[PDB]
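Examining the three-dimensional arrangement
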Amino acid sequence: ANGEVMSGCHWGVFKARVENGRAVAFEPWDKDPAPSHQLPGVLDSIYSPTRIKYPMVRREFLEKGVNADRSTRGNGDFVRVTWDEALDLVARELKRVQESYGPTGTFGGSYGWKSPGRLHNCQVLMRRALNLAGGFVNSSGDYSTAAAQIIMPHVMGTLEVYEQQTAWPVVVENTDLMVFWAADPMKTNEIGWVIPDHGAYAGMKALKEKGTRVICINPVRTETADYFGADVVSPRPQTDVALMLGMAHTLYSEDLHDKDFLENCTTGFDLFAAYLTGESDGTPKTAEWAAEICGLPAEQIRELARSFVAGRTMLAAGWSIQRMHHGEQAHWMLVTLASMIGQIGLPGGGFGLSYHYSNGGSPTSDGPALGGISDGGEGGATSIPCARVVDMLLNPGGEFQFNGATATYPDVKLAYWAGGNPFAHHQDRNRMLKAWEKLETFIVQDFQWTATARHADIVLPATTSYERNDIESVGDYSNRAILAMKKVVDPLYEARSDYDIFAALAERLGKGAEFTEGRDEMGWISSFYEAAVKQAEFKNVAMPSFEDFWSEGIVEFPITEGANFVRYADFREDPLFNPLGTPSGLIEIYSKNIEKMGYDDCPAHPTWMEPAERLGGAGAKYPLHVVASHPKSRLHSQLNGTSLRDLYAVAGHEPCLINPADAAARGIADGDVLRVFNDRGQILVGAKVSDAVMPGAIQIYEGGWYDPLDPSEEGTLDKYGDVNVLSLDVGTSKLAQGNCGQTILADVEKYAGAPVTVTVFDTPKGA
Ligand SMILES: Nc1nc2c(c(=O)[nH]1)N[C@H]1C(S)=C(S)[C@@H](COP(=O)(O)OP(=O)(O)OC[C@H]3O[C@@H](n4cnc5c(=O)[nH]c(N)nc54)[C@H](O)[C@@H]3O)O[C@H]1N2
Ligand SMILES: Nc1nc2c(c(=O)[nH]1)N[C@H]1C(S)=C(S)[C@@H](COP(=O)(O)OP(=O)(O)OC[C@H]3O[C@@H](n4cnc5c(=O)[nH]c(N)nc54)[C@H](O)[C@@H]3O)O[C@H]1N2
Ligand SMILES: OC[C@H]1O[C@@H](O)[C@H](O)[C@@H](O)[C@@H]1O
Ligand SMILES: OC[C@H]1O[C@@H](O)[C@H](O)[C@@H](O)[C@@H]1O
Ligand SMILES: OC[C@H]1O[C@@H](O)[C@H](O)[C@@H](O)[C@@H]1O
Ligand SMILES: [Mo+6]
Ligand SMILES: [O]
Ligand SMILES: [O]
């Protein structure tokens, strides 16, 4: 066809131009306040050299199945097969594992960002089919807030991280000092889990125009600091809890803390104060004590603390600091500091844990909620914390602790992954490669030839959202509209929707009608729309017929009371009438429930503990902290294998931001090929020399595609730059068992070996 088609994605709403059946541009939505620069890469991902054309089976698995040499996964030897051959093999394997081992034999957690959409949700569709086969082992939590989402319920009485924030207009009108703590909102609000509304950009523009003072506490001077002209304060990475303690000690010793707020809204302050002063352990937590750990001058620490109580202050914290050893302590100590400041529940005061994620603070509309397809049970134990996947494979039947409970790891034999990239997202790549040999069968379903697809036994080519129809909400927190995600182009090559793949597997198991319910694509979509219309009718919100909605492509909802929302205002007004969901009904600075667990690595009040490895730590073996943060010009690993890579690759490798003093000490110049290494692994990167990163730290973003020099050699050099070749794979503590992906020390040198060639962005042989 020829014309324009409106649809959406994790980067926003867009208008595609189609010529002779091929999409030629993904243009920004006219109503978007800040369109994404990544749209050209989203378009290219439909057509790039790494688009998966056909079903494939690795040669060793096609010939020997369960008896294959497991060490050769990832060596490139794939055989093209027909869809019938691939689907029959997958169905035979699903049935074999269920009959031999029961539900504990299959792992169906399949963590990953996939694509938005209420119908074409690849993970829910996979679980719908696996439940019809007999069941599976799931995963709990995520890689984003694994620690904060477990400690917050014990402290504030709610998960806190994925909840609406005090509205942006209220912050602009009332806040005197905005503190971005381990957060880069100008970078991270580009993405949404549903289709993003980019509402944070409207709020940040209003904040900039008013001239309000901004401070960001971060090892890197970011686009957020440049936009606002912010003061940048850079503690050594992993020392924020010590900095917060020094600030708290200053407030207490100078009688600047809010005694009334502490008495009326919290429990355990007296016990915490005994720790703060050193009465309980012999070590006063002074600004000088804190300065020695974090590297900032003691007077700067005292001045920051005094400035937080001088006017109305908002502590807007990000999540990198909890994606680390003892991560639970970061936001627990932040809430304790906010309680001493005493402004929780006031307009523009307190703290917020989602101003940097999916446009939190964009005012909530009066529209209805939109539902989608279910798993028939998205957005040994029968479930594991997600980042314990390798520990599980290495210790079948072994015990593990999690948030007060004791359980044993299930004995998993088959793993099915759809819409995720664990060979980019999981920690300690070399350890993971050896552990994966414990799986009998590994099936991967995607549209791009990621490191995960390259390591599979069986590869099934899915379609993108642009090759089918769907329905989804716009604005993770605002719910400003419902959008028709219309088909842009017909399915490419031999690709099939995840729905069509799972329906064909359900048919082979004799459960076809149970999977489909006799509905077709538009039948499912209209059912979801009609349920939203009924909910809206009960709340006096007008909506068009399904036919008129589909023709127009969108329905917008108005904002009224959502513009005035203040988080914790009811609790502050009357804590006895509106108690929190904690044992006391108050903020738990001291937790008796956590005391009873007896976990050495997660005490009963916020506490400073040395991490496994850190910059400035006694016995540290490597010199530089690696800031393994989220990428500017990708969504994780998404879009690495597209023309968008040209915006940032350095000599064909992932970029490494390095301070001029650390570079000059090693004879490194901008543009040089470098080797980054530690005792766990080694990778290549390209140098980007800049004083934006503090001395003692280097920045290498997560998501790079792993490209082994010699796949048959243990510890081989990664030719491209997957930062998770350098990371450690351990739990945050026994409380949350979260990942520690930003706890990394390494050295760097000018590469001195023979020239190598990156091949991970090329079409695999035979594909
Ligand atoms: N373009 C883009 N946007 C995204 C994503 C993406 O991949 N690309 N991913 C999405 C997802 S799933 C999430 S969870 C969010 C990510 O949200 P976050 O986890 O908050 O983001 P990060 O980029 O990992 O880190 C935030 C900031 O913390 C700083 N930092 C790192 N270590 C420390 C430390 O020890 N102390 C202090 N004070 N600061 C530190 C970093 O320099 C960075 O500027 O972004 C979302 N949006
Ligand atoms: N060192 C370090 N490691 C980190 C982090 C960090 O800060 N530091 N960040 C962590 C976090 S919070 C996250 S969320 C993870 C990110 O890990 P992931 O979510 O696994 O990363 P993505 O690259 O988004 O992978 C999603 C995959 O889904 C595929 N896909 C998209 N839509 C569909 C669909 O409809 N069908 C199918 N079959 N496939 C589809 C995409 O092409 C892509 O390959 O990384 C984690 N790892
Ligand atoms: O070529 C015909 C085949 O096309 C595939 O896209 C359909 O999934 C399958 O059901 C059909 O038989
Ligand atoms: O067809 C494209 C148009 O569709 C409308 O429904 C959207 O509100 C408008 O912003 C967009 O330009
Ligand atoms: O010492 C026990 C701890 O050991 C760590 O290696 C594991 O990652 C963690 O799950 C466990 O609680
Ligand atoms: Mo995440
Ligand atoms: O995550
Ligand atoms: O995430």
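Residues numbered from 1 in each chain as written, not as in the entry; some residues may be left out. Chains lettered and ligands numbered in written order. Heavy atoms only, no water. Residues with missing side-chain atoms left out of burial classes, pairs and counts.

Header annotation of the entry names X-ray crystallography as the structure determination method and lists the resolution as 1.3 Å.

Moving on, we come to unusual backbone geometry. Located in the positive-phi region is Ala182, a residue other than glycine, with phi close to 55°. Mapped onto the secondary structure, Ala182 falls in the loop between β8 (177-181) and α7 (185-188). Judged by relative accessible area, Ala182 falls into the buried class, the value being 16%. One non-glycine residue, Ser358, lies in the positive phi region at around 50°. (Helix = DSSP H or I, 4+ residues; strand = E, 2+ residues; numbered from the N terminus. Buried < 20%, exposed > 50% of the residue type's maximum accessible area, 1.4 Å probe, protein only.)

Okay, the site of ligand 4 next. By nearness alone, every residue bordering ligand 4 is listed as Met6, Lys15, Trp29, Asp30, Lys31, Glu552 and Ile554. Between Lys31 and ligand 4, the recorded distance is 2.8 Å, taken from a side-chain N or O atom to an oxygen atom. For ligand 4, an oxygen atom lies 3.1 Å from a polar atom in the backbone of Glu552. Coverage of ligand 4 by the protein amounts to 69% of the 320 Å² it exposes when considered alone. Looking at the shell around ligand 4, its residues break down into three nonpolar, no polar and four charged. (Near = heavy atom within 4 Å. Polar contact = N/O pair within 3.5 Å; in protein donor to acceptor, adjacent residues only side chain to side chain. Areas by Shrake-Rupley, 256 points an atom, 1.4 Å probe, with all protein chains shown as cover. Nonpolar A, V, L, I, M, F, W, Y, C, P; charged D, E, K, R; others polar.)

Turning our attention to the domain arrangement of the protein. Here the domain parsing of the protein yields domain 1 (2-29 + 469-486 + 517-557), domain 2 (51-142 + 375-468 + 494-516), domain 3 (144-363 + 566-591) and domain 4 (599-761). In this structure, domain 2 and domain 4 have C-alpha centres spaced 28 Å apart. Counting from both sides, the interface comprises 31 residues of domain 2 and, opposite them, 32 residues of domain 4. Summing both sides of the interface, domain 2 and domain 4 together bury roughly 2500 Å²; the carbon and sulfur share of this comes to 47%. Interface area lost by domain 2 to domain 4 is led by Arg388, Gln427 and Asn430, which between them contribute 23%. In this structure, the connection of domain 2 to domain 4 is made through three salt bridges. Measuring nitrogen to oxygen at the nearest pair gives 3.0 Å for the salt bridge that ties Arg431 to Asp729. (Domains from an automatic or database assignment. Contact = heavy atoms within 4.5 Å. Buried area = accessible area lost by both parts, 1.4 Å probe. Salt bridge = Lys/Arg side-chain N within 4 Å of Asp/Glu carboxyl O.)

Once that is clear, we can look at the packing of aromatic side chains. The description of an aromatic ring pair rests on the distance of the ring centres and on the angle between the ring planes. This model, assessed by the stated rule, comprises 33 aromatic pairs. Relative to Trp449, the ring of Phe78 lies with its centre 5.3 Å away and its plane at 55°, an arrangement referred to as tilted. Taken as a pair, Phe78 and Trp449 share a single burial class, namely buried. Grouped by ring-pair contacts, the aromatic residues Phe107, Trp417, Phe423, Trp436 and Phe442 constitute a single cluster. Over the aromatic face of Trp524 sits the side chain of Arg519, whose NZ or CZ is 4.6 Å from the ring centroid. Note that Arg645 overlies the ring of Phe761, its terminal NZ or CZ placed 4.1 Å from the centroid. (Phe/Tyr/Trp six-rings, centres within 6.5 Å; stacked < 30°, edge-to-face > 60°. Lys NZ or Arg CZ within 6 Å of the ring centre and 35° of its normal.)

Turning next to the nonpolar core. Where a protein is soluble and globular, its nonpolar side chains tend to be buried together. If you look at the biggest cluster of nonpolar residues, it comprises 96 residues, and the most contacted ones within it are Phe26, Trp181, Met247, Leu337 and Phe351. In this structure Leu337 touches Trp181, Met244, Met247, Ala248, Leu251, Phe308 and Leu315, once residues within four positions along its chain are discounted. One finds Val389, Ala415, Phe442 and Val685 within the second-largest nonpolar core, a separate group that totals 53 residues. (Core = buried A, V, L, I, M, F, W, Y, C linked by side-chain atoms within 4.5 Å.)

Spanning 19 residues, helix α3 (residues 83-101) covers 27 Å between terminal C-alpha atoms, matching the ideal 27 Å at 1.5 Å per step. Buried within α3 we find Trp83, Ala86, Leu87, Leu89, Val90, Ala91, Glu93, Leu94, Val97 and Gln98. Two residues or fewer past α3, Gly102 is found with a positive phi of approximately 80°. (Expected span 1.5 Å × (residues − 1).)

Relative to the elements of secondary structure, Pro695 occurs in the loop between β27 (682-689) and β28 (697-699). The sequence separation of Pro695 and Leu483 amounts to 212 residues, and the corresponding C-alpha distance is 47 Å. Those residues in contact with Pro695 that sit more than four places away from it in its chain are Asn659 and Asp662.

With that out of the way, let us pick up the sheet that holds β8. Backbone hydrogen bonds are what pair the strands of a sheet, in a parallel or an antiparallel way. Overall, parallel pairing links the five strands, which are arranged β10-β9-β8-β12-β13 in an open sheet. Two strands close off the open sheet at either side, each with one partner strand: β10 (231-233) and β13 (350-352). Averaged over all neighbouring strand pairs, the angle between strand axes comes to 20°, with direction disregarded. Pairing of β8 with strand β9 (residues 213-217), which is carried by five bridges, proceeds in the parallel orientation. If you follow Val179 over to β9, its bridge partner there is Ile215. Strand contacts of helix α10 (residues 240-253): β8 and β9, with the helix running at about 150° to β8, the strand carrying the most contacts. (Pairing = 2+ DSSP bridges. Axes fitted to C-alpha atoms, helices over the stretch in contact; angles between N-to-C directions.)

Along its 12 residues, helix α8 (residues 199-210) runs 17 Å from first to last C-alpha, staying within 8% of the 16 Å computed at 1.5 Å per residue. Check the buried side of α8 and you find it contacts α6 (168-174), β8, α7, β9 and α9 (223-228). Backbone geometry just after α8 places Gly211 at a positive phi near 90°.

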